[PDB]
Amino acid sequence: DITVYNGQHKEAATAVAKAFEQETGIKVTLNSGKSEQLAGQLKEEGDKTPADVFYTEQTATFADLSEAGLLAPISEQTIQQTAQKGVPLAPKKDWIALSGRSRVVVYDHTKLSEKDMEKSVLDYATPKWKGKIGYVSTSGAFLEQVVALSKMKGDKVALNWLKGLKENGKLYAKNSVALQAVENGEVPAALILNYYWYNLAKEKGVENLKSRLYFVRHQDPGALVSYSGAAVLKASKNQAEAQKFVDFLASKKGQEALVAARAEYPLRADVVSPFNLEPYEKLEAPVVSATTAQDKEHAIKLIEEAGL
């Protein structure tokens, strides 16, 4: 039986954990928490941790754990299962990316069309969009978006974007509220995460929604994908079962269980989402280094300096 420290959404974790038990007979116990809290706890526990596997919504928490020497190598065969072009790869082969979530632009298709849309996320934070673009400054995904912009285009561009959103954007408390405002006719478009919209569409039928999705693509900062993944703890006294769980997550069946429970992009090339997501490769996600905590603190300074 194994212990999984779980930073991912509980419906995702529960659903892969149950398909695991069904396929192998091995019981999974989840210890859930925020990924950053869990990584800290895994570093304090060190070689005395009870964790066998760390399952996270964000692969960036792996870099420090790897560098601290706390992750076990994963099979090369397993790593190759999700190693599409653009997918982050552990240089020490000691964690694996499993699924992604994308930034998108949701729009009311009865007020705007694909041809009104912009080639860059940078273009939405300008006067042509005054009163017409929703954003959510308090979101974890928003913070990540800032970091990527800072890294790809430098700090002056990121700050200019944030100032533009302040001047021109409609601020919403959460991604789901932003979507509702677009559906309700309050704002014709917003910046959100893909899965809020696919969830609504799965539930309602696309033909009954005013809103549609525009993906920026061509490796723009607004095509940013954030990746979930897993690692085996080097200190686990149950390596065999831990490695079997991680291989299962990379397997066709494990990936099929994830995408049944949650509208993330599978990273296996032979699995299709029941939410009707495009193939990962069509996203043309940019290549961006991992978000450190210093990166997150930096983005918060830019958000503050912008009056947000």
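All residue numbers are counted from 1 along the displayed sequence.
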- Query: Hey, which bit's got the bigger mean C-alpha B factor in the entry, 199-207 or 229-237?
  - Reply: 199-207
- Consider only the C-alpha atoms of the modelled residues in this chain, order them by B-factor as the entry records it, and name the third containing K85: lowest, middle or highest. middle
- Note on the structure: On the chain's distribution of Cα B-factors, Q145 falls within the third called lowest
- Message: Split into thirds by Cα B-factor across the chain's modelled residues, where does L283 land: lowest, middle or highest?
- Response: middle
- Chain-relative CA temperature factor third for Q255: lowest
- Task: Name the third of the chain's ranked CA B-factors that contains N184, choosing lowest, middle or highest.
- Result: highest
